Amino acid sequence: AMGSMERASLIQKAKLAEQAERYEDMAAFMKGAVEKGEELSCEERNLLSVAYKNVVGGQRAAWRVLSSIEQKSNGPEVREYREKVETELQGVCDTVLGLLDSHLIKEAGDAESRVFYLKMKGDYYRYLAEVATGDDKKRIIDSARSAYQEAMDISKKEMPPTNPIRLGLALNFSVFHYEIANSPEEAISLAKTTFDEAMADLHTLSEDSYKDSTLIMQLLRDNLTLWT
Amino acid sequence: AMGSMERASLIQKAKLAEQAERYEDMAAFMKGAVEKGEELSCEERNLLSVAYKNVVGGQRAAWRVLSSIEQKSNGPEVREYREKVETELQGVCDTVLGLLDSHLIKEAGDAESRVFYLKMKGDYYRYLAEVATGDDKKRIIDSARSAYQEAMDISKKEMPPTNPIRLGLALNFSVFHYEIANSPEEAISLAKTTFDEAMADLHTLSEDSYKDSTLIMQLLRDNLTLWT
Amino acid sequence: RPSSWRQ
Amino acid sequence: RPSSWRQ
Ligand SMILES: *Cc1ccc(-n2ccnc2)cc1
Ligand SMILES: *Cc1ccc(-n2ccnc2)cc1
Ligand SMILES: [Ca+2]
Ligand SMILES: [Ca+2]
Ligand SMILES: [Ca+2]
Ligand SMILES: [Ca+2]
Ligand SMILES: [Cl-]
Ligand SMILES: [Cl-]
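Scoring rules and cut-offs
- Residues numbered from 1 in each chain as written, not as in the entry; some residues may be left out.
- Chains lettered and ligands numbered in written order.
- Heavy atoms only, no water.
- Residues with missing side-chain atoms left out of burial classes, pairs and counts.
- Contact = heavy atoms within 4.5 Å.
- Helix = DSSP H or I, 4+ residues; strand = E, 2+ residues; numbered from the N terminus.
- Core = buried A, V, L, I, M, F, W, Y, C linked by side-chain atoms within 4.5 Å.
- Buried < 20%, exposed > 50% of the residue type's maximum accessible area, 1.4 Å probe, protein only.
- 1 Å grid on protein atoms, 1.4 Å probe; cavity = no way out; pocket = protein on both sides within 12 Å on 5 of 7 lines; lining within 4 Å.
- Points joined across faces, edges and corners; volume = space filled by probe spheres on them.
- Nonpolar A, V, L, I, M, F, W, Y, C, P; charged D, E, K, R; others polar.

- In terms of determination method and resolution, the entry is listed under X-ray crystallography at 1.7100 Å.

Here's the deal with the interface of chain A and chain D
Reasoning step 1: Between chain A and chain D, the contact holds 14 residues from the first and 7 residues from the second.
Reasoning step 2: Sorting the residues of the side of chain A that touches chain D by element identifies α3 (42–73), α5 (111–131), α7 (164–180) and α9 (207–227) of chain A as the ones contributing at least two each.

As for the nonpolar core
One broad trend across soluble globular proteins is that nonpolar side chains are buried collectively.
Reasoning step 1: In terms of nonpolar packing, the biggest core is built from 129 residues, with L48(A), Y117(A), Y124(A), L48(B), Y117(B) and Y124(B) touching the most fellow members.
Reasoning step 2: When residues in this core are grouped by element, the largest group, 12 residues, is from α5(A).
Reasoning step 3: Leave out the neighbours within four places in its chain, and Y124(B) touches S49(B), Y52(B), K53(B), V56(B), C93(B), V96(B) and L97(B).

A closer look at the environment of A51(A)
Residue and element names in this part refer to chain A.
Reasoning step 1: For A51, the location among the structural elements is in helix α3.
Reasoning step 2: The exposure class of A51 is buried, given its relative accessible area of 0%.
Reasoning step 3: Setting aside its immediate chain neighbours within four residues, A51 contacts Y23, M26 and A27.

Focus: the layout of surface pockets
Picture a little ball the size of a water molecule; that probe, rolled over the atoms, points out where space is still empty.
Reasoning step 1: Approximately 1,300 Å³ is the volume found for the largest pocket.
Reasoning step 2: In this structure, the largest pocket is lined by 40 residues; those nearest its centre are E21(A), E24(A), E21(B), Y23(B) and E24(B).
Reasoning step 3: Elements with a minimum of two residues in the lining of the largest pocket: α2 (23–34), α3 and α4 (77–104) of chain A together with α2 (23–34), α3 (42–73) and α4 (77–104) of chain B.
Reasoning step 4: The residue makeup of the lining of the largest pocket, split by class, is 20 nonpolar, 8 polar and 12 charged.

What follows is the structure in structure tokens.
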């Protein structure tokens, strides 16, 4: 749909949509920019991630409200409407996964880009897993695990322990362990090991990088406080 | 699009969408319910109003962000994107006005229903007026005025001064005077006259009606505090 | 901006 | 529910 707009105009409009909190528009603009076929800059990757995280975040919150209402009920209307939102959520997840597969991941050679996209792939398989109930749930769960695991292997070899992408990846992989894989001890071990090695590396950072790293480090601490 | 769903199912799903804060879905469900051709109950009118007010409220907030960015700028992108949101806002306003005209208003005989719909008609012409800049702005403004004025004439004859619909109508008509018609003295006079006659009628109300009336009465007071 | 009616 | 990464 965005094939006739300039790449630079799509990027500029994605930023305007963020300012207007029009995240659906922002996602459509960034999808158009990805489909131009060029690799994304660091800033452009963030725009892509922010756009779809907000879109799917609203769908997930709506799905949870309706699934709760549905659970207390057990007419077809609640199930029907929960299924409608669920299908729209899965469509957005498939769209993001399609962008990563065609062809963001295969062209991502640098550690910062490849880890970023593999983290995204794990995240959107995680969101698919939250609503899955059929014969494909285990395969969906393993697709999330495999994507997270490759990202972790690269991040451990190529990034410092305080790198915000490495920290955010570990945070979300620990949430995957706790919420999806029924492995709360793995979730707790990953979050604490990640936090402690970040602690020990903060002395190398500037004041601005220190602020970036400690902010995500606090999210790990919040989860450990909730889980222990 | 909703022609194959039961009226009762559309109403039930509109309530579910409100709980999920899915206001676009809620509006589409209530549009489908209106298009069943039956008059709306008090509760159903509220669902219709809540749905579209939230949809157009997000569009108006986005339009204001972009129009501000556009004003400080003066590429085509900011104007282009402001025009896109503006066109989508006008489409939603036209849809609501179309429902009122075909055929909610002509079938509304009771004061509570007729005043409610005429207030809506004034409101959505007001929202059209906020973005209008061409040769039709004066006619759009007068369409809002005429709708508000007929509603006020009916409400003054048929409703007590504390009636929440009468109070909300006066509140919005005073905002119309202040923001759209460049008549701040008319806005202030209407808000104070409305507040004072509501004051003098509160002694007739139960505790629950008292709470309903004083809540809207505080909105009139907030505006008078801002305008004086 | 002033307040219009809001539920 | 625990916190995942959020900008
Ligand atoms: C998953 C994730 C995305 C983005 C960041 N980030 C970049 C700069 N500050 C934070 C961290 C994690
Ligand atoms: C414009 C308007 C709509 C709805 C109410 N209302 C009904 C019940 N309480 C408040 C007032 C004004
Ligand atoms: Ca080009
Ligand atoms: Ca490359
Ligand atoms: Ca029927
Ligand atoms: Ca009638
Ligand atoms: Cl549905
Ligand atoms: Cl545009």
